[PDB]
RNA sequence: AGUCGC
Ligand SMILES: [Mg+2]
Ligand SMILES: [Mg+2]
Ligand SMILES: [Zn+2]
Ligand SMILES: [Zn+2]
C-alpha cells in the first residue's frame, strides 16, 4: 500500500493507494515525493 | 588474443598478446609496447578480440604475436625499444661512477629472469665489495650480442676529439661477447634506431630470447630507479646571474642590430638581394638576425647547465623533449610565426592596437624576449597563442587528409 | 645468535599526544618495518556497520555513513578482550566482537543544530566511547572538545541510526590508522651520502644535524653504516602513543612467530622432501 | 490572447528578476545560477550567439 | 564542416580582448566555436534617428 | 567489408611495468563474460568436468 | 583616485559602474573602432614615457589579463605555459566535476556527478573571484610529487595514495534520473503504472520484478543493480481482437517496463510522482551512486596535464618526508619537459608558500611581482629548500632516495570521464534486423567495428583465416541455396 | 514447422520460454538447450544511431506519421 | 560541503578544529597565527582547514530539510 | 566493478598455505620460499636478517606483482649448511631482537617518566 | 543532430 507520498510542501501524507488523482489534499501541489521503505539497508563505513 | 587501437595506421598497431588476469577495470600493457600503438595512458581506450578456434589461435600465435612484431619491415629497424622513465634510468645507471653494495646487487639479481645464478665478482674487491653499473647490465645482455659505436649523443665530440688518441672520453659504447665493456647507454643504443642493441638481439639470438630481454631490462632498471629516484623542479629551470646577464645582453645586441637594419631600409641605403624584392630582402635579413640571436643564446643556455640537472638528463638520455625545449624554458621563447612568416598586420598596418603603425621592430611583430620561466608579457602572450593555434589546426586538418 | 645486533632504545620526549624517541644499534629494515607496522598493523576499533532508520538531513545516506566511519574510538581499554568478526563463532555481530552505538537527533528549535560525536552514544560500557570529554575533566580545557562534527541540521530534520564498530587494522582501511603522523629520520648530517646535495649549502640543517653545529656542512664517512634512527609517532588520540608502539612490537612478534610455526608446520606436517 | 512566448530565465520578465537572496533560496532556485537560458519541456535550452 | 582547411579557424589579430585567445575546442570544430572574452560585451542595438 | 563483431572488448588502458612485453592484463569482468569454445578430449575431459 | 573613493563608498551608497561611465572616464570600443586608437598597456607605461615610445595614447587597458575568456581564467600563471597547453586546460576545466549549483538536491537533471569535499584552490587568479568559483569549487588540493617511484606512473598515469582516497579523497556521488510517462496514447490500448505478474502479462524478462512496489514503481532507499526493473509500466493492447477467449494466460497486456541499463549499481535516492505538461500521470526516479577514485579514473592539474590513475598504494608505501607527509599523487617527471608546462611547477612553489604562510596565493598572469625568485625566497624563510625540493625516503625499504623530489600543493580535478562507464565486452548479443549483424552502441549491448582499416591490416598480416573469422563467422554467418543452372539465389 | 505459439522444446512440452536478452538467447527454465533466432524486440534494434548523427536522423529509413488516428497512413 | 574528518594526506583528525577556527577569524585575523593556535603545524593539515569552503550554511537555507 | 574486497589483501585463502618451498636446479644447494599474503613489511626484514648471517651466499626477495599479495625469497648457502636452517634461525634471531627491544622500551618508559599510562 | 572522447 503506497499510501504515503509526502507532499510538495505541506509534507502531509497523501493516502492515495489507488487510482484517484494525485492532488495532495489541503495543499495545492501535485508533485509527490515518495517516502522511504521500512526496509533495512546497511552501509559499511568504508 | 589480438589487441589493437584505432586508427590502425600500420600492421604494428594490431598484435597478439597473452591475457594475464588482474583486479580493477582496465587493460594493463607492458609499458614498452606503448610506442608501436602510439598510445599513452592519458586516457586512451584499446580493444581486444579473442579468436575462437585452434586454427585462428595458431595463426595469431605463429604470425601476429608481439615478440614477432619487433623489427618492422616499414623501415628495417626495430619498432620498439626502451621508452620513457626507464630509458632515463638506464642512462643514469650505466655511467662509470655508479657502484653497488652486496645487498643492492643481490636485490637486482633477484629481479632478473634468465640469471644463471652466479653472482659475478665485483669490479672493486677492496677496500669493500662494489659492483659497477655496466657490470650488472652485462648480466641482462643475451648470450653474446655485440654492438659498437652508437655513442652519438651530445657527449664527447662532434668527432675529431676521440681520434686525438682514444682518451676513452667516456662516451663510446663498446660491447663484446655479450658483456658491456664501456660507455653510457641511451636512445642511440637502446632506441628504435637502426643500429641499436635491441636490433642486434633480435637479429642475432632469435625473437623469443629478445622478448624476454625487453622484459628483463625494464624490470631491473626500474628497481634501481626506485632507490635512485628522478624528479624535476624549478631547480632545473634556473641558471645563474652571469648566464642571465649575458642572455639579456645578447638580446640587447640583436635588437639594436635590427634597428640598424630598419634605419638602413628607411634611409633607402639598402639594396635588394638578387632574385628577390626589397621587402623580402628586408624580411630575410631580419629573420636571419632573430634566429641567429636565438640559437647563440640557446647554445649559451646549454653551456650553463650543471651536470646534476634533472632537465639536462632527460634531453641527453633521449627520453623526452629536445635541446630546443631547454632553450625556451631557460633562455628565450623566440620568434612566433604563422604560415612561416612573422605575425601579419591584422589591423591597419599594425599587429595589436598597443603598437604604433608600421613597427617592424622584433617585438611588435612576433618575437618574444622572455622565457617560459620569466613569463610572457600580455602582447607576447597573445602572439604566442597565434603560433600555438597553427599547431592545433594543422593537427586536425593533416589528420583528415592522410586518412584519405 | 652470534651476530644478532642488540637494539637499544631511548625516549627523548613524551606527551599524551605524541611520543618521540631514538633507536640505536639496529638495522634500517628493522627501523623501516617497525614504521610500516605503526601505520598498518596496530589493530583498533572504528565503525564498520551502519544501519540508518531515518535521514531527513541535507546530506545523502552514505555520506553520513562515511564521516561517521572515521570518528576516532578510545581503545585505551585493551582491544584484545574483543575479537574479530570472522574468528568469533557468533552469527554476524555480538557483544564480544562488536560495540554498539546509537544516534538519534532532531532539530525542533528555530536554531541551526550541529550534530557531533557527543550525541553518538555507547551502548557498550564506558571503556570505548568517542574522544569527547568522557575522560577529560581536563584542567587544561579548550572550551570545546566537541570531538567531531557529523553534520548540520535545521528545523524539522531528523537523523536516527545504529552502528557496530569492529576491531580491524590499517592494512584494510584508513579509518583504522592508529597514527595521526609518523616521522622517521636517520643520518641527518648525510654522512653516509645516501642522498646527494647539488650545491649542499642551500639545504637547511635538520633538528638533529646539530652535531655539526658547524656550518662546515655534511662531513663524509665511507666506512659507515646506518645507525641511530629518529622517530616521532603522533597519535590521533584513538589510542595512547606509548601503547601504539608496544602493541605494534607485539603484533609483529605474533606475526613472525606465526610464520615460523607455519614454516615448522612445513616439515612437521607432511614432511619436506627437499633431501 | 494570441499565444505563449518562452521567457528567458532571470530576465526582467521572469519572476526571479526582483527577488533578493532570501526569496530565491525560498523559491528553491540557486542564487548563484546565472540564468539567461530558456526552459522548454523541462529542458534548459540556451541559445548560441 | 568536415573536410575544409581555412583561415577562419586561426586566432585572428583583432580578437584582442574581444574573444578569449585560448578557449576553442580541440576537435574538428577547433577555432570555429570561440568563447567570448571576460570584459567583452555585446551591443544590443538602437535607432539611428 | 567492415562489420561489428562479437567476442570483443574495450576499456581504458594503464601501464604495468611488471608485465612481460607480449602479456596484457585483463579485468575479471571481461574475463568472465568472454568465452572460448574448447573441444573435449578423452584426457582433458576430467579437467573440463571440473570447470 | 577620487572616483575610486566613491567606488569604495558603494558599500553604502548608490554610486556605481554606470556613474563611472557618466564621468566619461571609461569608454566602450568595438573592434572596428579599436583599430584606430592608440592604446597603452598599463598605467605604468603611460606614466614613465618621455621619449620611450610615443605620447599620443587615447585609451588604456583596465587590466591586460582580461583578454581571457571564462574557462581560461581558472588556470593560474597561464603565461608561463606553452600556448596550446592552455587550450587543453580550457577544455578539461569545463570537463571536471564538483558542485555545479547549490540547489542541486531538488533538481532532476538527467545525469550529475557531485564531489564530496571540493576545496577552493590555494593558488588563484584574481578573476576567479568574479566567477563565484570560491562558492562552487571544482577539485581538491593534492600534495604532489613529481617522481618516478615505481614506474607505474610512466606515460601520463599517476600513482595515488590509497589511504588518501580512503580517508575520503575525491569521493563523488553520481545521480541518474530515469523518467517515465503513462500515456493514454492509443485508440483502445492503454498504459497503467502497476506491478506486473507472470500470470497475466506478456514480456516477463528473467529480470526481477519483485523489487517493484504495489504502485508499479520502486521506493527510496532500496538497493538496485544491473538487472533490476525500477518502474512497472504495462500496456493493455490486443484487447480481444483474436476472437475466442485468448486467455490461456498473459493475454490481456504486454510488458514494456523501464529498467536499469546504464546505472549498473546504486541506491534509489528519490522517487517522484507528479503529472507532466500533457496531463498524464508522470514519474521521475533518481539513483545515487558513489564512485571511488580507482585505476582508470582520469584527473588533471589546471595546466593541462590529464593522466590516468595508474595504480594506488597504501599510505605505508608512498615515499615520505621528515614529518612523513606522504604525497597523494605522484605525476611522472617525464611529463613536464616536452610539454613545457612550467606554470604547473610555479603553482607548487606558490602553493607551498601560501599554504605554509596561511595566506591564499595570487597567480594572476600579468604583474610586476618577478614572482619566480621572490616566491622562492619566501619559501626559504619558512625553512624548506629555497626552490622546493625535499628529501623523501623510500616507502618500501625505508631508505633515503639518492636525489630529492619536488613536492607541494596543486589543485587537481577529477574529470567526468570515468573507467566504470566505458568498459565493455560482448559475447553474442542482440542482432539488428536490417543487417542481422551485431548492435552498435552499449545502449543495445553491441560489439565493436572491425573497420575497413583494421581489415587492411590483417591482409598485411596474411592471417586470412582470422580475417575470414572476423568479417564472417564471428558476427553474421548465413547459408543460402542457389540454383546451379542460373546463378540466382531464388 | 507451423506449430509454435512460442512452443519448441524437443524433449518435454514447454512450460514457459524466457528471454535472456543480453546473451541473445531463448532459454527453457527446467532443462537447458536454447531455441534461438534472437530478436530482443526489433523496435530496440533500429536504434543503431549513437556516435553517428541522430536528431535529423539519417538512420530514418522509416517514418511513423501516427496512423492510429487515420484509416491508414 | 562539510569539513572532512581527518586530513586526507597524513591522517590527523581535523573536523574538530573548524568551529574553533571561525571564532579565531572574528578575533585575530592572522590566519597563519589562527591555524597555529589550533596546532595545525604541518601544511597538509593546514591546507585541509585552510582551503575548505563550508557550503552547508548555504544549503541549510532551502525551506525543506524534509525531502 | 572488479575491485577485490579489501580484507582479501591479508586473510589466507582456505585452499592456500602460508609458505611453500621449491628447489632451484640452476645451481646446487639453494631454495625458493613462497610467502603468500605478505608484503614488503615482512619480506624486507627477513632479507636483512639473512644477509647478516655469514654462511649465506645469496639472499633476496621480490614481490612478483604489486596487485598480487605474495613475495618470494631466494636464499643460497654453503654446502656444509642447509639453507632452510638459516631461514628458521634468522626468524628466531629476529624474534629475539624484537623481544629485547620490547623489554628495553617498556623499561625505558618505566624510567622516571609520568603519565606513562 | 549536436555535444564530446583519443
Ligand atoms: Mg598519456
Ligand atoms: Mg587519454
Ligand atoms: Zn652531422
Ligand atoms: Zn543477540
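Chains as they are written, first to last, in UniProt numbering: chain A, 13 to 58; chain B, 456 to 859; chain C, 1 to 275; chain D, 148 to 196; chain E, 491 to 539; chain F, 355 to 405; chain G, 637 to 1126; chain H, 7 to 79; chain I, 1 to 67; chain J, 1 to 117.
Positions of the beta carbon are idealized from the N, C-alpha and C atoms, including for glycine.
If you count every other CB in all the chains shown that lies within 10 Å of the CB of residue i, and 16 or more means buried, which is it?
| i | result |
| --- | --- |
| residue 1160(G) | This structure leaves residue 1160(G) out entirely; chain G is present only between 637 and 1126. |
| residue 790(G) | buried |
| residue 265(C) | exposed |
| residue 196(C) | exposed |
| residue 987(G) | buried |
Give the range of the beta strand (DSSP E) segment to which residue i is assigned.
| i | result |
| --- | --- |
| residue 836(B) | From DSSP, residue 836(B) is part of no beta strand (DSSP E) but of the alpha helix (DSSP H) over 833-858. |
| residue 48(C) | 44-55 |
| residue 167(C) | 158-168 |
| residue 504(B) | 500-504 |
| residue 671(G) | Segment: none, residue 671(G) is in no beta strand (DSSP E) and carries neither H nor E. |
In this structure, what does DSSP give as the bridge partners for residue i?
| i | result |
| --- | --- |
| residue 192(D) | 185(D) |
| residue 791(B) | In DSSP, residue 791(B) forms no bridge with anything. |
| residue 104(C) | 160(C) |
| residue 54(A) | 51(C) |
Strictly below 9 Å CB to CB, what residues from chain I border residue i?
| i | result |
| --- | --- |
| residue 18(A) | 66 and 67 |
Starting from residue i, find everything on chain B with Cβ-Cβ shorter than 7 Å and list it in chain order.
| i | result |
| --- | --- |
| residue 675(G) | 808 and 809 |
Starting from residue i and walking both ways along the alpha helix (DSSP H), at which residues does that stretch end?
| i | result |
| --- | --- |
| residue 10(H) | Segment: none, residue 10(H) is in no alpha helix (DSSP H) and carries neither H nor E. |
| residue 1093(G) | 1088-1097 |
| residue 665(B) | 662-683 |
| residue 728(G) | 719-731 |
I want to verify the contact list: residues of chain B whose CB lies under 9 Å from the CB of residue i, in sequence order.
| i | result |
| --- | --- |
| residue 1084(G) | 502 and 504 |
Starting from residue i, find everything on chain J with Cβ-Cβ shorter than 9 Å and list it in chain order.
| i | result |
| --- | --- |
| residue 564(B) | 58, 60 and 74 |
In chain D, what lies closer than 8 Å to residue i by C-beta?
| i | result |
| --- | --- |
| residue 16(I) | The contacting residues do not exist; residue 16(I) stays about 29 Å from chain D at best. |
Kindly list, in the order they appear in chain G, the residues whose Cβ is closer than 9 Å to that of residue i.
| i | result |
| --- | --- |
| residue 69(J) | Within 9 Å Cβ-Cβ: nothing; residue 69(J) doesn't reach chain G, min ~12 Å. |
If the cut is a Cβ gap below 7 Å, which residues of chain C does residue i touch?
| i | result |
| --- | --- |
| residue 6(I) | 70 |
Name, please, each residue of chain G whose Cβ falls closer than 7 Å to the Cβ of residue i.
| i | result |
| --- | --- |
| residue 491(B) | Those do not exist, as residue 491(B) stays about 12 Å from chain G at its closest Cβ, beyond 7 Å. |
| residue 507(E) | 702 and 703 |
In chain J, which residues lie less than 7 Å from residue i when you measure between Cβ atoms?
| i | result |
| --- | --- |
| residue 930(G) | 3 |
Just the chain D side, please: which residues come within less than 9 Å of residue i by C-beta, in chain order?
| i | result |
| --- | --- |
| residue 913(G) | 188 and 189 |
Interface residues of chain B around residue i at Cβ under 8 Å?
| i | result |
| --- | --- |
| residue 772(G) | In chain order: nothing, as chain B lies at least about 25 Å away. |
Please list, in chain order, the chain F residues whose beta carbon lies closer than 7 Å to that of residue i.
| i | result |
| --- | --- |
| residue 40(J) | Residues of chain F passing the Cβ test: none, with the nearest at roughly 14 Å. |
Near-chain G residues of the stretch 505-520 of chain B (beta-carbon distance less than 8 Å), N- to C-terminal order
506, 507, 508, 510, 511, 514, 515, 518 and 519
Which residues, in order along the stretch 566-600 of chain B, keep a beta-carbon less than 9 Å from a beta-carbon of chain J?
566, 570, 571, 572, 573 and 574
Got a sec: which bits of the stretch 1034-1059 of chain G sit with their beta carbon under 9 Å from any beta carbon on chain C, in order along the chain?
1034, 1035, 1036, 1037, 1038, 1039 and 1040
Taking only beta carbons into account, state which residues of the stretch 28-57 of chain I come closer than 7 Å to chain G, listed in chain order.
31, 32, 35, 42, 43, 44, 46, 47, 50, 51, 52, 53 and 55
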